[PDB]
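Just one chain follows, in the form deposited in one PDB entry, and it is written as structure tokens.
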């Protein structure tokens, strides 16, 4: 159910991030907030700017866990993801944790909350 909906949107999101992150703007809105580790941004413009500023040439997201729950009785969804992030030609991946608060929009969603952290052992 919510896992399927979250699976579809989340996969679409990461596919776009790994393909061309400069085109992620349409998945965010003016009210959207991104906490990228220690960086705090608001709005599609600043959010995408931060993601594009990441100095890597290639990146691959590898999901290891995905869980979703309705965030309220009104259609919004909370999704938590953990996985591996392969940067450039690096052999050893970096662990990450991310949470999205998705708001219904048309036949899909837009991201209201985006919290991202790389996790170190």
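Positions refer to the first chain, counted from 1. Note that the rigid core is defined as the largest set of C-alphas that superpose within 1.5 Å between two forms. Residues that one form lacks are left out of the comparison.
We do not show the form deposited with a partner chain bound, though everything after this point is about it.
Taking non-hydrogen atoms only, residue 112 approaches the partner chain to within 4.5 angstroms in the entry with it bound. In the entry with it bound, none of the heavy atoms of residue 60 sits within 4.5 Å of a heavy atom of the partner chain. Although the partner is absent here, residue 53 sits far enough away that none of its heavy atoms falls within 4.5 Å of the partner chain in the entry with it bound. Using a 4.5 angstroms threshold between heavy atoms, residue 88 stays clear of the partner chain in the entry with it bound. Once both forms are overlaid on their core, the sole residue range between this form and the one not shown with Cα shifts reaching 2 Å in three or more consecutive positions is 89 to 91.
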